[PDB]
Amino acid sequence: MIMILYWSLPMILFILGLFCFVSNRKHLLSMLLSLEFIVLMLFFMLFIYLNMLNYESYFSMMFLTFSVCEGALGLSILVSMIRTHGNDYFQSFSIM
Amino acid sequence: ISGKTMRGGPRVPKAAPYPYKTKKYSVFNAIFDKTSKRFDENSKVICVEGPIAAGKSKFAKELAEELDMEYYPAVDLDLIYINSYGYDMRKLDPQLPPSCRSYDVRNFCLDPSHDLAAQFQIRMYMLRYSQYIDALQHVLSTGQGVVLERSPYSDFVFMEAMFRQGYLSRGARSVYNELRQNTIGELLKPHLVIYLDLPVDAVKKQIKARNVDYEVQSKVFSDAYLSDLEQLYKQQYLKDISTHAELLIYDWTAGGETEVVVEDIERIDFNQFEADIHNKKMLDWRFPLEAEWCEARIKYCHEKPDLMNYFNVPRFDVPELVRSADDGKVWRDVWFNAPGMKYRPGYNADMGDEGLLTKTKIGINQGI
Amino acid sequence: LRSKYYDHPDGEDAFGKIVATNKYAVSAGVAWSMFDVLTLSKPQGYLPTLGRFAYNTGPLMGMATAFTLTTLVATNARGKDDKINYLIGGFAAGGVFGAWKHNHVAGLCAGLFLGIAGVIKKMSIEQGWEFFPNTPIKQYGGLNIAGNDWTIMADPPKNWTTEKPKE
Amino acid sequence: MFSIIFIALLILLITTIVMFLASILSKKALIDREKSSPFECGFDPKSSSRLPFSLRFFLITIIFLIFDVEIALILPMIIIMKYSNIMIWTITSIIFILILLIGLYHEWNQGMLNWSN
Amino acid sequence: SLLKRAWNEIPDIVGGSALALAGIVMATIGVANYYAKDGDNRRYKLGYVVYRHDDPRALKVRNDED
Amino acid sequence: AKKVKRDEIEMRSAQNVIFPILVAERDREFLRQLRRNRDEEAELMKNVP
Amino acid sequence: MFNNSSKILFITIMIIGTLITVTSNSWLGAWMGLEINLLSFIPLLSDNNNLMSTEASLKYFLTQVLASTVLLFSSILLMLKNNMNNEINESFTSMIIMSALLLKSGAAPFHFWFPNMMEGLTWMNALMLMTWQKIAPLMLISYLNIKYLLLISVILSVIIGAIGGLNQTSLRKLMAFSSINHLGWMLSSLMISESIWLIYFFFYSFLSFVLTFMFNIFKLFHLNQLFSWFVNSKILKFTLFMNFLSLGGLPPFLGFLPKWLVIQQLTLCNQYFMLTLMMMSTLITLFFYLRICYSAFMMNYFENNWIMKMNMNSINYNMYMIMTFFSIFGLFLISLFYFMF
Amino acid sequence: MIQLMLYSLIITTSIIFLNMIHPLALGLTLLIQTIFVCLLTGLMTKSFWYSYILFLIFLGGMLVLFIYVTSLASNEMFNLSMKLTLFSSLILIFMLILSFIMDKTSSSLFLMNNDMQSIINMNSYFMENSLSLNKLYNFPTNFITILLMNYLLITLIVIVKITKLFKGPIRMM
Amino acid sequence: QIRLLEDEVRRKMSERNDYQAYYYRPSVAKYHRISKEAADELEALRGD
Amino acid sequence: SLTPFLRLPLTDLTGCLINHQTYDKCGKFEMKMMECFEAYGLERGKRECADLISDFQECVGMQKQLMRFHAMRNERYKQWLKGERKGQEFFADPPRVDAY
Ligand SMILES: Nc1nc2c(ncn2[C@H]2C[C@H](O)[C@@H](COP(=O)(O)OP(=O)(O)OP(=O)(O)O)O2)c(=O)[nH]1
């Protein structure tokens, strides 16, 4: 099928990104590491679709701007994490 | 800090004080009016504490006069048992059930073992707490510093001393700590604290000098009780507050002169601690940006009702502090039908207020 | 492999019915089982995790099969496909529930919960109404849905005419 | 591209050969428990280097991520100046650089650009 | 005053902003000048552009010398 | 800036005299290829259902 | 909008973010608005005075980031196969979009994060989360037309939303489970129309807008505090708590009218079985509301006696009393409303 | 051809990335992949302009998280997994074998490279990225860029408020 | 009579969505032909 | 394309985000189709736009043609692996580079 010969690989890569975002690693940063991994794969598919259009790749910039802000915001929340808990370990948070 | 001699004259405010008694200061008021513009060298908080009957009041008034400081008289239960119109609530006590009977310092000195003592001690903490916040509003809105006699920080000493003598129970002490923990953290600690160390024998002599009826006749002011207060001020309170506030200790400035004391205060410098940001000394009053100033001002000027709603900590396993439901109904009937308690202050027509048809205004940081 | 339960009359195609009901037995079992092994039981090791999948799914398969067999057996034995058949069917699965839960009462009472459940399903089949029918009325606006537009950009000219075409 | 990748690999191979020569050409002597000890001015070290190293420019560190992603939007300017509407290109570009300056001066005035103190 | 303080503290932001202000000014001259010449209609066109003599655009052909 | 533009336009003007030439060539060979593909398709898949 | 000028901004940018989503004529445009909304809420939500608040700022961030990420994943996939923002016949690719949106709003199967982040929010924060944050997600689900997936969430929402709430004593955590149930009613109302949903949402926000103030004005966070709470007139306290009944949708009060119009339309559309499970499950929701009313309907209590006085903010209370009045007498104004016909 | 080998590597590096635990091991894996994805994207496009931008953008994020990794997760451990090395190396060669015996006219992506375009396409003879990036700064889509600007600036206000610089540095206490 | 007809009428509208009252979703093509306009505008400007 | 319910002025902001109207082989194909959506509305348009949607999808998505192409290649390989072709004459003559 068309979807299997052309769009399978990025999707299989995407789900592997999510399975990193949920696996049990001690440090919160392990979530941030896997966060921009997924974003890297989202860019890849979005770039497939935008190129089916002849001239629409400019929207890649729009996507990248929101990619950094969620990473940048994701990093700020970690900073605020440290200065109330002292450490970023997942097991240090109240389970609720 | 700069007495009248140092300035050579009366305090000159940097800008006109904000009328904090009449106009609210919310977020949208903070946009046009800023807080830091009014702060001087004298924009500080002073707590003039000591043992029982050490002439703190006289010393404070004189002191607050030299430093152009606002003086706040020490709280007393008259603030609870005398309404605005002046009527004495205590006259209603023959009607009330025994548990809800009025209780004061007179009663404490005369029947200290009564179960209402635990009530009485919490009220004093609550009163100081509200008064303390009122001082902060005056400081932040006017820039003039304030002189307090006893802060809520020092109030747990009396509760602890009463506990050692056995007047209170385990439960009452447990309840008191939870209130204090639930509430104390939201205040700004004083810049300066002054203590008047009168030795234990001296205060016992001194109390008889006042010749107050109930005190001399009482048994509470024993060597053990008065000794407990001394151990509590110096070992727990003073050792703790000195980490934040400058601490001066005198044998008795009430028996001494204050002009020497003011000249002692002005020697103390309050800027050396400013250098390090995280230095504990006077940490609370270190606001980096103008936003932080206004936030603190808003909290005490505009969110005091929140501050006074934290005293709602439900604890019923303690039987002393619980008020029976049948009494509550009766007490509610008598208390709120007294002259001047029908409505909020300034609306009880039977007490002489007029124009209620065309009146719509209510006070700010006012009850109800 | 894809058999529908009511594709045939009630006393028919046993192998068709068992597959249809066991389908829903497995799906519900796994769906609940996923929550059980992660959120409630939390077993450790790759082998015991299967026990939770088997434990929550296994007997739940036994129930569905029991209902089909008893319902199918009753349909032929009595000589009529009536509501009591499904009522008779339900008590079978309830009996399996007790054996699953080792509880005499749990199986008995749950049979009644299941028994009346089946009865109503037969009611639906016999009277001609559905449990989750496709919505006949689906509203996509208010009264002025085509009028309330607030956009500012000028809409450039049209390219289609409602009028009949000219030639 | 495909030319560049080939030379990229060819260079990497060449540079790799250089130490692979150095590793053999290097004089070889028995390694001592002290020869491989870290260097910290001749006195044994108190603290591993893998302890948490405090940070003071964390705030700038985050602002750096942002300011770059606006470099992605200024760079295309030149390429599309001959081809774009001059009002739209002129207006938008200016209100792009004013926004950046205003943001910078705002934080500079608020003192966030200064390090933690 | 203000001018003095900055000119003493951060002279670059004054000089830099002086040229920045120059950009806005002579950007406002050039942009207005651009439509004072009808520069949307450019005498040299990218690609091979051919019009019919009756097309409306065929009237607007900018007529220049070189 | 004038001289660079002068040179660029001269380079571009040379395209417009060559660009029509290539398009003429490509079409006459693009079409010829299409016949071959339409014929290769016929032979390749004679027996497909 | 409580402390500083900065809080004023984040509130507005939240409004802009939500509007961009619900006014966007394409999935990609809609997704952008969600990102705008994301960072508008976090700074409002994070306060370092509380160890709990920063934890709340986390769970929300990880959940929302994943939701928008998976949401964008499917939207790209959706128009990779159809080449349109719309799918002619709904299929799996459209289901995946639905799953993300439900998680974005904390519907039943993916609600877990939602109550578990309510421990460390101020009341004013919970209102923004409970009411406004559910606009953008739920409003996009109106575009997708999968029945069984949406139908399953409703059935689980009312069930999990109710049964879970019985065991709580923290009002903030209790309201979360209460909100999950009302969310179930929306999604049920969303497979039939939107005008009902728009009406029903407005009433739901209205009631929650009221109950939040009463806790917010008097800073109550636990059931015990209700009994210890002091009020001058036990009649007054008795009447304030009569808003819970409206939140329970009892017909003498205004809060039933929303439930009522959702049944007159679901029934009109023959969804009889759904209403049985929903309306029946609402009773359990009505239950723990009464557990709160234990502190009001009985009206002589054993209460601590170191308070004689009520200290309350005027403007909040002034607006709260007005809102409460309609919450009890709002029924006779149904005549005026002309949005149901 | 290298496109298929790029497919193999991006798959291979993703398998291991699922198994990294040490944050820097994750980072090295991620950095390597950011190279390949950047390379791969430019194959199926009229220019590599976006690969340059993407590469530049992520490298900014790469440095910053090392600064925080070296402050928060400084003391952690690696473990060479002989299962992993064999598994990746086993499949990697396996995948590389297929790419040699693949009908790699079929595997090529249908997206039109610049050369894949016709000769008649007059719009393909301009600058490499003129038209594509054009309407990023023309009516009406320009307002989207403007909307980002506030969004980015408003973000810049969010970090300082979340961060609260004045209350100290960051240490893994 | 009127509420058994009005109800019946609404069903027909919903069955075929052939009226702009309630069961009609306005599909606007305005923006795309705005984009086509903008493309045409930019086509003229190209050149130097 | 989707239809916002709100349709406040904000929709003008993001309406023209992604389109086919800028120098595309399918610019005319989509304008007809989407026009027909505007004439009949969204829900009814999905039932009257059978041709326009299929043509537009077969112009952008191109699945219909790519999925012809593999049938030709696979059927070329199937013939050879069955021995029906030969190694020497496996492929046809290549096209000229200066074409297409
Ligand atoms: N149980 C209890 N009694 C208190 C407390 N604070 C003050 N008192 C009582 C103790 C004495 O009976 C009496 C002493 O009054 P003060 O020491 O405050 O003297 P006063 O302020 O009237 O003037 P002076 O101190 O002489 O300047 O009030 C308290 O916190 N708890």
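Every read-out reported here was derived from the displayed coordinates using simple, explicitly stated rules and does not represent laboratory data. Don't worry about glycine lacking a Cβ; one is built from the backbone with ideal geometry, like all the others, and counts go over all protein chains shown.
Please report, to two decimal places, log10 I(q)/I(0) for segment G:196-242 at q = 0.20, 0.23 Å⁻¹ as given by the Debye formula with identical point scatterers on the Cα atoms and no solvent.
Log10 I(q)/I(0), no solvent term: -0.74, -0.87.
When the helix-only estimate is applied to chain C (DSSP H runs of n ≥ 4, each -39,500 (n - 2.57), divided by the residue count), what is the mean residue ellipticity at 222 nm, nearest 500 deg cm²/dmol?
For chain C, the value works out to -20500 deg cm²/dmol.
With label points built 7 Å along Cα→Cβ from the Cα atoms of H:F143 and H:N75, find their separation and express it in nm.
The modelled label-to-label distance comes out at 5.6 nm.
Calculated FRET efficiency, H:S89 and A:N24, Cβ-Cβ r, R0 25 Å, to nearest 0.05?
0.40
Evaluate the distance, in nm, between pseudo-label points positioned 7 Å from the Cα of D:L113 and of B:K21 along their respective Cα→Cβ axes.
The answer from the label model is 4.7 nm.
Express in % the proportion of alpha carbon pairs of segment C:1-98 at distances exceeding 18 Å.
Of all Cα-Cα pairs in segment C:1-98, 53 percent lie more than 18 Å apart.
Quick one: dipole size for the protein assembly as shown, taken about the Cα centre, charges +1 on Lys/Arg Cβ and -1 on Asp/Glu Cβ, in debye to the nearest 20.
2060 debye
Of all alpha-carbon pairs in chain G, indicate the percentage at a distance above 39 angstrom.
Tail of the P(r) past 39 Å holds 14 percent of the pairs.
Once the Cα atoms of helix G:148-166 and of chain G are each reduced to a long axis, what angle between those two axes, in degrees from 0 to 90 to the nearest 10, is obtained?
20 degrees
What do you get for Rg/Rh of segment G:1-85 when both radii come from the Cα atoms and Rh is the Kirkwood radius?
Rg/Rh: 1.08.
Quick one: which of E:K60/I:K36; B:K37/H:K167; B:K56/B:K299 span more than 26 angstrom between C-alpha atoms?
B:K56/B:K299
Please average, across the residues of G:55-61, the number of beta carbons from any other chain that are within 10 Å of each residue's own beta carbon, and give a whole number.
Per residue, the number of nearby Cβ atoms from other chains is 5 on average.
Quick check: the distance between the Cα centres of segment B:211-234 and segment C:60-76, to the nearest angstrom?
87 Å
Based on the alpha carbons, how large is the Rg to Rh ratio for segment A:13-96 when Rh follows Kirkwood?
Taking Rh as the inverse mean 1/r over Cα pairs, Rg/Rh reads 1.10.
Under a straight-distance cross-link criterion of Cα-Cα below 16 Å, which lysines are reachable from C:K122, leaving out those fewer than 8 residues away in the same chain?
In chain and number order, the partners are C:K4, C:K17, C:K80, C:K83.
Across peptide A:22-33, how many C-beta atoms of other chains are within 10 Å of each residue C-beta, on average?
Counting Cβ atoms of other protein chains within 10 Å of each residue's Cβ and averaging gives 6.
Hey, got the average number of other protein chain Cβ atoms within 10 angstrom for residues in H:58-69?
Whole-number average of other-chain Cβ neighbours for H:58-69 is 6.
5 Å is the cut-off here: which amide hydrogens, built 1.01 Å from N in the peptide plane, fall below it relative to H:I170, excluding neighbours closer than 5 in sequence?
It is D:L55, by chain and number.
I'd like the distance between the alpha-carbon centres of segment B:85-133 and segment J:1-78, rounded to an integer number of Å.
What the calculation gives is 81 Å, centre to centre.
Pick out the long, greasy-scoring helices in chain A: whole DSSP H runs spanning 24 Å or more along their own axis by Cα, mean Kyte-Doolittle at least 0.5.
For chain A, where a helix must reach 24 Å along its axis and average at least 0.5, the hits are A:29-52, A:59-85.
Could you tell me the calculated FRET efficiency between B:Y214 and B:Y347, based on Cβ-Cβ distance and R0 = 41 angstrom, to the nearest 0.05?
The formula returns an efficiency of 0.70 here.
From the alpha carbon gyration tensor of segment J:50-100, can you work out the equivalent ellipsoid semi-axes (sqrt of 5 times each eigenvalue) and give them in Å, largest to smallest?
Its equivalent ellipsoid spans semi-axes of 31, 17, 6 Å.
Counting only the backbone N, which residues of segment F:20-44 are under 14 Å from the spot 7 Å out from the Cα of J:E84 toward its beta-carbon?
Output list for this probe position: F:41-44.
Would you order C:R2, E:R57 from fewest to most other beta-carbon atoms within 10 Å of each residue's own beta-carbon?
Ranked by crowding around the Cβ, least crowded first: C:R2, E:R57.
Based on the alpha-carbon set only, what is the convex hull volume of segment E:24-66 divided per residue, in Å³?
105 Å³
Restricting to Cα pairs below 8 Å that are 6+ residues apart, what does the relative contact order work out to for segment A:2-92? Please round to a whole percent.
Averaging sequence separation for qualifying contacts and normalising by length gives 32 percent for segment A:2-92.
Test of understanding: in a Gaussian network model of chain B with alpha carbons linked when under 10 Å, which of B:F311, B:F336, B:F108 would top the mean-square fluctuation ranking?
Greatest mean-square fluctuation among the candidates belongs to B:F336.
Which residue, A:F21, A:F43, A:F59, has the most motion in a Gaussian network model of chain A that connects Cα atoms within less than 10 Å?
Comparing A:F21, A:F43, A:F59 in a Gaussian network model of chain A, the most mobile one is A:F59.
Using only helices, what value at 222 nm comes out for chain B when you add -39,500 (n - 2.57) per DSSP H run of length 4 or more and divide by the total residues, to the nearest 500 deg cm²/dmol?
-11500 deg cm²/dmol
What is the helix-to-structure angle for J:50-60, meaning the angle in degrees between its Cα long axis and the longest Cα principal axis of chain J, kept from 0 to 90 and rounded to the nearest 10?
Between the helix axis and the principal axis of chain J, the angle is about 60 degrees.
What's the percent breakdown of Cα-Cα distances in segment B:266-315 across 10 Å bins, shortest bin first?
Computed distribution, short to long bins: 21, 31, 30, 15, 3.
Using Cα positions and a limit of under 17 Å, work out the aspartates and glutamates in reach of C:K23, with same-chain residues fewer than 8 apart set aside.
Excluding near neighbours in sequence, the set is C:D7, C:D13.
For every helix of n ≥ 4 consecutive DSSP H residues, a contribution of -39,500 (n - 2.57) applies; sum these over chain D, divide by its total residues, and give [θ] at 222 nm rounded to the nearest 500 deg cm²/dmol.
Rounded to the nearest 500, it is -19500 deg cm²/dmol.
Kindly flag which residue pairs out of C:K158/J:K32; G:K7/G:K134; I:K30/J:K32; G:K219/G:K309 have an alpha-carbon separation exceeding 18 Å in this structure.
Table pairs above 18 Å Cα-Cα are G:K7/G:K134.
Which value results when the Cα radius of gyration for segment B:232-368 is divided by 2.2 N^0.38 Å?
1.67
In a GNM of chain B with a 10 Å cut-off on Cα contacts, which of B:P94, B:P190, B:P305 has the highest mean-square fluctuation?
Judging by the Gaussian network model, the answer is B:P94.
Helices from chain C with mean Kyte-Doolittle at least -1.0 and a Cα length along the axis of 30 Å or more, per DSSP H: which?
Taking the DSSP H segments of chain C (at least 30 Å long, mean hydropathy at least -1.0), we get C:14-35, C:46-78, C:104-127.
How big, on average over all directions, is the shadow cast by the Cα convex hull of the protein assembly as shown, in nm²?
Approximately 80.5 nm², given one-decimal rounding.
Taking 20 °C and 1.002 mPa s as the conditions, I'd like the Stokes-Einstein D for segment G:125-263 in µm²/s, using the Kirkwood hydrodynamic radius from alpha carbon pairs.
134 µm²/s
Could you tell me what % of all Cα pairs in chain J have separations over 15 Å?
76 percent
Mean shadow of chain B, computed from the convex hull of its alpha carbons, in nm²?
20.7 nm²
Provide the descending list of Cα extents for chain H along its principal axes, expressed in whole angstroms.
Projected onto its principal axes, the Cα set of chain H covers 65, 54, 17 Å.
Taking the Cα of I:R3, stepping 7 Å toward and past its beta carbon, and measuring to each backbone N in segment G:310-335: which are under 16 Å?
G:335
Arrange the following residues from fewest to most other Cβ atoms within 10 Å of their Cβ: E:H53, I:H32, H:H22.
The most exposed by this proxy come first: E:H53, H:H22, I:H32.
Which one of D:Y105, H:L9, B:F28 is farthest out on the positive end of the charge dipole of the protein assembly as shown, using unit charges on Cβ (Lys, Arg +1; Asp, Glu -1) and the Cα centre as origin?
Selected residue: H:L9.
Relative to the longest principal axis of the C-alpha atoms of chain J, give the angle of the C-alpha long axis of helix J:63-81, reported between 0 and 90° and rounded to the nearest 10°.
10 degrees
Can you give the alpha-carbon Rg of chain F over 2.2 N^0.38 Å, where N counts its residues?
Normalised Rg, Cα atoms only: 2.19.
Which entries of B:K34/B:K189; B:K4/B:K208; B:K23/B:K359; B:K23/G:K234 have Cα-Cα distances beyond 24 Å here?
Table pairs above 24 Å Cα-Cα are B:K4/B:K208; B:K23/G:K234.
Take every Cα pair under 8 Å in chain C that's 6+ residues apart, average their separations, divide by the length, and report that relative contact order as a whole percent.
With pairs under 8 Å counted, the relative contact order is 16 percent.
By the gyration tensor of its Cα atoms, with a ≥ b ≥ c the square roots of the eigenvalues, what is the shape of chain D: rounded for a/c under 1.5, prolate for a/b over b/c, or oblate?
Here chain D falls in the oblate category.
Run the simple label-point estimate for B:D326 and D:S54 please: 7 Å along Cα→C-beta, distance reported in nm.
Label-label distance for B:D326 and D:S54, simple model: 6.5 nm.
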